Amino acid sequence: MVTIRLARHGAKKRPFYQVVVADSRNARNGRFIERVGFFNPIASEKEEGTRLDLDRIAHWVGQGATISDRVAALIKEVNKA
Amino acid sequence: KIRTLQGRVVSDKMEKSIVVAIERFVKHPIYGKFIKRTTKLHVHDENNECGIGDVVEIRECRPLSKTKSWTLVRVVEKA
Amino acid sequence: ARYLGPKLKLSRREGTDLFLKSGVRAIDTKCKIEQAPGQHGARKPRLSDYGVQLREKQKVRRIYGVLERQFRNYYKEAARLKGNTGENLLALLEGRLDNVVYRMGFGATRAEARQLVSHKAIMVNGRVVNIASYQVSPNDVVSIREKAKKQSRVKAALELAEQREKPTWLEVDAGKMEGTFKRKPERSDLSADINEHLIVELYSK
Amino acid sequence: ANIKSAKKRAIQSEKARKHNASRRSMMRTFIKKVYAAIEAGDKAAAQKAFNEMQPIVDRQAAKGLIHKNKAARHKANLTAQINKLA
RNA sequence: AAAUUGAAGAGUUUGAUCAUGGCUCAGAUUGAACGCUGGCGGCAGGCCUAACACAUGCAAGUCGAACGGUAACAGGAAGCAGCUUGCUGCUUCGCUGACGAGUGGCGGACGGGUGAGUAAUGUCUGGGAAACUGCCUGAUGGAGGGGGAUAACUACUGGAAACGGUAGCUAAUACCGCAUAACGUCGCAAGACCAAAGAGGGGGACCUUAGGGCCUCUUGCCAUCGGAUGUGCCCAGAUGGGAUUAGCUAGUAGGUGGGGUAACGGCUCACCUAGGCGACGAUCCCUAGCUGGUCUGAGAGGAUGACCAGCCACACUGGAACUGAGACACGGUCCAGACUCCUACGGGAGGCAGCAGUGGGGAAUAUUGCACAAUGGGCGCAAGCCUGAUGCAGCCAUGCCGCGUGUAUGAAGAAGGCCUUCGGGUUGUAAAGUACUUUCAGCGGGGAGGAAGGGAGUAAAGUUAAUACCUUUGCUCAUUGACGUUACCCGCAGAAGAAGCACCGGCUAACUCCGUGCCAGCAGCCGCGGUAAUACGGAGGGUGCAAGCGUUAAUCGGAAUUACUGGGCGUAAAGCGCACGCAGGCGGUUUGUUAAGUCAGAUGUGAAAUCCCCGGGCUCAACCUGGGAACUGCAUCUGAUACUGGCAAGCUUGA
Ligand SMILES: [Cu+]
Ligand SMILES: [K+]
Ligand SMILES: [K+]
Ligand SMILES: [K+]
Ligand SMILES: [K+]
Ligand SMILES: [K+]
Ligand SMILES: [K+]
Ligand SMILES: [K+]
Ligand SMILES: [K+]
Ligand SMILES: [K+]
Ligand SMILES: [K+]
Ligand SMILES: [K+]
Ligand SMILES: [K+]
Ligand SMILES: [K+]
Ligand SMILES: [K+]
Ligand SMILES: [K+]
Ligand SMILES: [K+]
Ligand SMILES: [K+]
Ligand SMILES: [K+]
Ligand SMILES: [K+]
Ligand SMILES: [K+]
Ligand SMILES: [K+]
Ligand SMILES: [K+]
Ligand SMILES: [K+]
Ligand SMILES: [K+]
Ligand SMILES: [K+]
Ligand SMILES: [K+]
Ligand SMILES: [Mg+2]
Ligand SMILES: [Mg+2]
Ligand SMILES: [Mg+2]
Ligand SMILES: [Mg+2]
Ligand SMILES: [Mg+2]
Ligand SMILES: [Mg+2]
Ligand SMILES: [Mg+2]
Ligand SMILES: [Mg+2]
Ligand SMILES: [Mg+2]
Ligand SMILES: [Mg+2]
Ligand SMILES: [Mg+2]
Ligand SMILES: [Mg+2]
Ligand SMILES: [Mg+2]
Ligand SMILES: [Mg+2]
Ligand SMILES: [Mg+2]
Ligand SMILES: [Mg+2]
Ligand SMILES: [Mg+2]
Ligand SMILES: [Mg+2]
Ligand SMILES: [Mg+2]
Ligand SMILES: [Mg+2]
Ligand SMILES: [Mg+2]
Ligand SMILES: [Mg+2]
Ligand SMILES: [Mg+2]
Ligand SMILES: [Mg+2]
Ligand SMILES: [Mg+2]
Ligand SMILES: [Mg+2]
Ligand SMILES: [Mg+2]
Ligand SMILES: [Mg+2]
Ligand SMILES: [Mg+2]
Ligand SMILES: [Mg+2]
Ligand SMILES: [Mg+2]
Ligand SMILES: [Mg+2]
Ligand SMILES: [Mg+2]
Ligand SMILES: [Mg+2]
Ligand SMILES: [Mg+2]
């Protein structure tokens with residue numbers, strides 16, 4: 001089904017995830033429907049380490065998309081500003 | 001509205017069918033000269049009204065035979 | 001990855017003093033600067049236009065201690081950057097950390113400043129940087145490390161620096177052994193004996 | 001087969017094939033009865049055969065042996081042919 | 001703001017010249033290879049050939065919260081006994097934690113590989129109608145009452161094995177009726193017809209047997225209509241070469257009717273019409289996966305399609321269907337074929353273009369590694385299990401980028417080498433010597449981040465008959481890292497462990513001596529070598545690059561040398577021997593109209609990545625990354641009407 005998850009990009013030992021909506025069958029770094037944010041797990045201080053389009057995420061959830069556990073945790077952290 | 005083409009009947013010997021030639025005027029991609037191109041379509045003509053030489057009016061529809069996917073709307077001009 | 005041969009042969013080939021020595025003595029008293037090196041050095045070199053362009057480029061390279069691949073990359077960056085390409089190339093060369101240290105006076109020569117940078121004795125904005133090709137931004141602070149403040153060669157370089165012209169785009173305090181890179185040097189602040197348009201034309205051949 | 005689940009899938013699919021084949025034959029036999037009645041020209045017999053046919057194709061479509069569209073096609077075609085028998 | 005800062009020539013035909021014209025060179029680039037040489041690190045890349053054949057290990061399972069059950073082992077329960085005084089060992093019970101085999105569900109159509117085939121069946125861009133769609137999601141309603149089997153198992157039995165055979169027993173969310181039947185199907189209507197499954201947690205009055213239908217909650221099942229996603233189908237334009245391939249086609253083109261598909265359709269069949277395609281290149285032949293992009297180029301173009309991502313096709317070869325929401329299915333089924341293997345000779349087994357690896361071919365391309373810690377996927381309520389995807393590690397200078405191989409001083413201008421008009425010059429501040437620092441490598445110590453979560457408790461809230469269960473939100477407690485001896489930081493020692501390759505007549509930066517004597521040899525071209533060779537070979541000196549440097553192959557450039565931008569044809573190559581003329585291209589002048597070309601604006605689309613601009617993070621850079629710009633196109637709508645086209649009416653200067 002349609003899901004919201006992380007595609008791993010970046011370099012070796014320095015991951016950088018793109019938060020994307022995709023048919024869950026596609027490969028992790030493959031075909032996706034719409035990019036809705038990003039998450040840098042090694043972001044330096046004073047640097048934006050997470051950004052999500054909560055309106056688009058809510059729209060897709062209302063359309064029936066599921067959410068991966070890491071993306072759910074990221075949404076919780078973003079909402080808890 | 002509906003997308004629609006206009007052309008000239010080049011054959012009407014089929015039962016309820018006609019061949020319509022559509023002319024386009026396009027710039028040559030390399031030399032820049034405007035040239036004429038022709039596309040021939042098989043068109044469904046119920047009542048067999050159209051004749052060879054008439055300027056006719058066609059629209060796109062569902063497939064009706066192996067080569068027919070267009071149908072006649074009206075006759076703009078009669079030969 | 002670094003020229004390690006005799007230093008005065010380069011200046012003799014280029015026909016001018018490249019400041020490859022500290023300056024305690026005279027280049028004429030140390031070498032036959034007016035004569036090109038080698039057995040046939042007394043011959044009068046008829047140089048073609050390509051030869052003139054090449055010698056100018058090699059002179060700039062030998063002054064700043066940059067190898068060919070890095071220098072070509074500098075030229076590409078200078079051409080990409082807006083404005084006058086030759087002036088951009090000169091500004092990029094002057095922005096190097098080893099050159100900035102030498103101009104600030106912590107090193108007697110550019111090679112000595114490069115060794116000081118490499119051996120982790122130089123700090124930029126409070127962080128240790130040991131990359132000789134590091135680009136120094138405006139308002140940056142270049143300071144000598146505390147464990148290296150006791151080095152006698154640093155004091156010798158500092159007492160040799162004021163014997164030369166003071167760079168107006170830097171602000172150096174020798175008591176604390178630290179300087180500020182106020183702004184990028186203009187073309188006027190650099191030597192007039194460098195014809196960068198020759199290098200620019202050479203890289204279009 | 002090299003994978004245990006593949007072996008089990010083969011066994012299950014063969015059993016499913018036998019089941020499906022018997023049901024498909026039964027449905028086809030009833031449809032053929034309707035068509036033969038239409039061919040004979042007996043409208044009453046054709047209607048009777050159609051009445052016996054209709055629940056069978058409906059139940060098979062519900063069970064998934066055929067599609068609802070196929071059951072509807074059979075019913076529509078046979079109704080159209082029966083209504084012209086008058 | 002910014003995101004088009006962009007364009008070099010040289011040699012060679014002649015005694016000399018100008019032109020023409022080919023050939024050759026300087027540049028950039030690569031999945032490269034070879035020769036010589038080789039210190040470190042980061043990021044990436046690595047069978048281009050045989051879609052050749054493959055040893056071995058691994059690459060797809062999971063669910064006991066669907067079901068009958070108990071092969072284990074772990075308890076609980078009964079007896080006996082060495083008993084060592086209640087610790088042990090052996091039997092009986094699925095009673096529990098669980099679980100081998102079996103039934104059932106879901107997954108195995110994903111993820112991964114390869115480019116054989118394919119020249120439009122595909123791909124790209126833009127449209128479209130006659131369709132289905134598991135898991136996810138919204139709404140409205142249902143979930144009643146029965147039945148017959150079957151695996152496992154037991155007994156016997158065939159066979160070397162693979163694989164079976166006979167009889168008997170049993171369960172379900174396996175299967176099949178009956179009931180119910182309307183925003184569903186058929187039908188103008190009246191009418192006719194179609195479905196389902198339970199499981200789990202807790203519980204008082206436990207309404208009845210300590211369980212359950214008694215209540216509640218969770219989850220699951222069925223029907224219909226939607227959403228979302230995925231898939232099937234249709235049309236137009238674009239997408240290689242060949243005319244020393246010009247005709248091709250009978251299901252062929254269309255029509256009617258029947259059948260068929262989820263769906264339109266010659267998809268198929270019967271009949272009727274005699275059509276359909278093609279110089280705007282049909283048919284035939286050769287080559288080829290397509291795109292985003294990549295290399296080159298000032299641009300226009302030219303070449304190209306490895307890695308990354310989208311699309312397609314294939315899975316030992318040929319063919320076929322079955323199951324299924326989805327396959328005509330890489331690690332499924334059946335048949336045939338070639339190879340390999342087992343056999344008791346009757347008969348059986350197999351498919352690395354998954355990861356690693358072997359043989360083979362080749363100029364040439366790596367380890368039979370670690371872990372599911374992170375991201376993602378399958379199953380599961382969850383815990384968790386599975387995952388050669390993936391994250392990492394190993395090998396290789398294959399590429400890009402960074403750094404080091406020391407710094408300062410030092411005339412005795414030391415020795416030695418080389419040249420010398422013998423005065424000297426050069427190697428050369430070079431070395432030695434003298435003062436210094438210690439990046440990297442080596443040794444010792446410290447030490448991030450990739451970790452989110454999950455598990456136990458608690459308190460509150462929501463539910464319900466219930467302070468029970470369950471869910472949610474907080475708080476508390478112990479924990480989860482393959483990489484890994486991580487990055488990084490600190491300390492010790494001592495310049496100590498670290499430079500080569502090509503070239504030096506001109507193009508082209510860099511010159512002499514000796515050896516040889518059209519020999520040996522060099523060479524991209526011009527050419528060099530004949531006894532005073534800056535061209536062969538050595539040496540000294542020098543030049544250019546540098547952990548690389550050269551050579552070979554290959555593409556674009558220079559080549560305005562296929563010229564659209566941007567060339568020529570009297571004599572250099574080039575005007576048909578001369579005409580008439582179809583198609584085609586082109587069209588004097590005025591008015592009106594149209595709005596096709598053209599122009600303006602808007603909207604949708606033009607995937608992401610890549611390129612460019614402005615920024616951010618790795619000490620810098622390569623690299624990673626935010627936003628923009630761009631994607632120069634297509635379609636639609638609304639406008640403009642000068643020019644071109646269409647239509648109508650003219651005019652006389654062309655005819
Ligand atoms: Cu046998
Ligand atoms: K038709
Ligand atoms: K510039
Ligand atoms: K199973
Ligand atoms: K010649
Ligand atoms: K020439
Ligand atoms: K000649
Ligand atoms: K002459
Ligand atoms: K399946
Ligand atoms: K291919
Ligand atoms: K039932
Ligand atoms: K219950
Ligand atoms: K229920
Ligand atoms: K056909
Ligand atoms: K037909
Ligand atoms: K038909
Ligand atoms: K280009
Ligand atoms: K292209
Ligand atoms: K095949
Ligand atoms: K697959
Ligand atoms: K995992
Ligand atoms: K000497
Ligand atoms: K809690
Ligand atoms: K001689
Ligand atoms: K031209
Ligand atoms: K228009
Ligand atoms: K007009
Ligand atoms: Mg380098
Ligand atoms: Mg078999
Ligand atoms: Mg001559
Ligand atoms: Mg291959
Ligand atoms: Mg396994
Ligand atoms: Mg089990
Ligand atoms: Mg069932
Ligand atoms: Mg019923
Ligand atoms: Mg191509
Ligand atoms: Mg069709
Ligand atoms: Mg091929
Ligand atoms: Mg050009
Ligand atoms: Mg490819
Ligand atoms: Mg094979
Ligand atoms: Mg089926
Ligand atoms: Mg297939
Ligand atoms: Mg399969
Ligand atoms: Mg296989
Ligand atoms: Mg392999
Ligand atoms: Mg070989
Ligand atoms: Mg170290
Ligand atoms: Mg953290
Ligand atoms: Mg020269
Ligand atoms: Mg000689
Ligand atoms: Mg020589
Ligand atoms: Mg050209
Ligand atoms: Mg010419
Ligand atoms: Mg002649
Ligand atoms: Mg001639
Ligand atoms: Mg003539
Ligand atoms: Mg004529
Ligand atoms: Mg005109
Ligand atoms: Mg894009
Ligand atoms: Mg934009
Ligand atoms: Mg007009």
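In what follows, chains are A, B, ... by sequence order, proteins preceding strands, each numbered from 1.
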So if I define the base as every atom that isn't primed, P, OP1 or OP2, how would [range] read as a B/S/- string at a heavy-atom cutoff under 4.0 Å?
range: nucleotides 483-488 of chain E; answer: B-----
range: nucleotides 494-505 of chain E; answer: -B---B------
range: nucleotides 126-141 of chain E; answer: -BSSBSS-BBBS----

Watson-Crick or G-U wobble, both distances under 3.5 Å: is that what [N] and [M] have going on?
N: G592(E); M: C106(E); result: no
N: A435(E); M: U407(E); result: yes
N: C511(E); M: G540(E); result: yes
N: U476(E); M: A456(E); result: yes

Please name all residues satisfying side-chain hydrogen bond (donor to acceptor under 3.5 Å, both in side chains) with [X], sequence neighbours left out, ordered by chain then number.
X: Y64(C); answer: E94(C)
X: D23(A); answer: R25(A)
X: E60(B); answer: none
X: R114(C); answer: none

Heavy atoms under 4.0 Å, any strand shown: does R110(C) hit a base, just sugar-phosphate, or nothing? nothing

Has [X] got a side-chain N or O lying under 4.0 Å from the OP1 or OP2 atom of [N]?
X: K16(B); N: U256(E); answer: yes
X: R61(C); N: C545(E); answer: yes
X: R14(A); N: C43(E); answer: no
X: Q35(C); N: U426(E); answer: yes

How many Å lie between CD on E47(A) and P on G617(E), as a whole number? 6 Å

Between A452(E) (P) and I42(A) (CD1): distance, integer Å: 14 Å

According to ring-ring contact (aromatic ring centres under 6.0 Å, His included), who are the partners of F38(A), at least two apart in sequence or on a separate chain? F16(A)

Syn within 90° of 0, anti beyond: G11(E) is anti

Per the glycosidic torsion and the 90° limit around 0, nucleotide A389(E) is anti

Please write out the pairs of protein N or O atoms and N or O atoms of nucleotides 309-314 of chain E separated by less than 3.5 Å, giving the distance to one decimal.
from    : atom 1 : to     : atom 2 : distance (Å)
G310(E) : OP1    : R31(A) : N      : 2.9
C311(E) : OP1    : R31(A) : NH1    : 2.9

Polar pair under 3.5 Å, donor/acceptor by atom type, side chain [X], base [N]:
X: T38(B); N: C280(E); value: yes
X: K75(D); N: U185(E); value: yes
X: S5(D); N: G107(E); value: yes
X: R28(A); N: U375(E); value: yes
X: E15(B); N: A274(E); value: no
X: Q54(D); N: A192(E); value: yes

Report all side-chain donor-acceptor pairs from residues 32-39 of chain C shorter than 3.5 Å, counting only partners two or more places apart or in another chain.
none

Sugar half of pseudorotation for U421(E) [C1'-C2'-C3'-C4' sign: + north, - south]: north

Torsion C1'-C2'-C3'-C4' of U96(E) sorts its sugar, positive to north and negative to south, as north

Pairing partner (Watson-Crick or G-U wobble, both distances under 3.5 angstrom) of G265(E): none

Partner nucleotide, any strand, of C271(E) [Watson-Crick/G-U, under 3.5 Å]: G255(E)

Among pairs that include at least one residue of residues 6-25 of chain B, which meet side-chain hydrogen bond (donor to acceptor under 3.5 Å, both in side chains), considering only residues two or more places apart or in two chains? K16(B)-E46(B), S17(B)-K68(B), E23(B)-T38(B)

Is the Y17(A) ring parallel, tilted or perpendicular to the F39(A) ring (thresholds 30°, 60°)? parallel

Look at the rings of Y31(B) and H28(B) and say which category their plane angle falls in: under 30° parallel, 30 to 60° tilted, over 60° perpendicular. parallel

Is it the case that the side chains of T109(C) and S22(C) hold a donor-acceptor pair, with the cut-off being a distance below 3.5 Å and no angle test? no

Distance-only donor-acceptor hits, side chain of residues 52-64 of chain D, under 3.5 Å, sequence neighbours excluded:
from   : atom 1 : to     : atom 2 : distance (Å)
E52(D) : OE1    : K48(D) : NZ     : 3.4
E52(D) : OE2    : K48(D) : NZ     : 2.9
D58(D) : OD1    : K75(D) : NZ     : 2.9

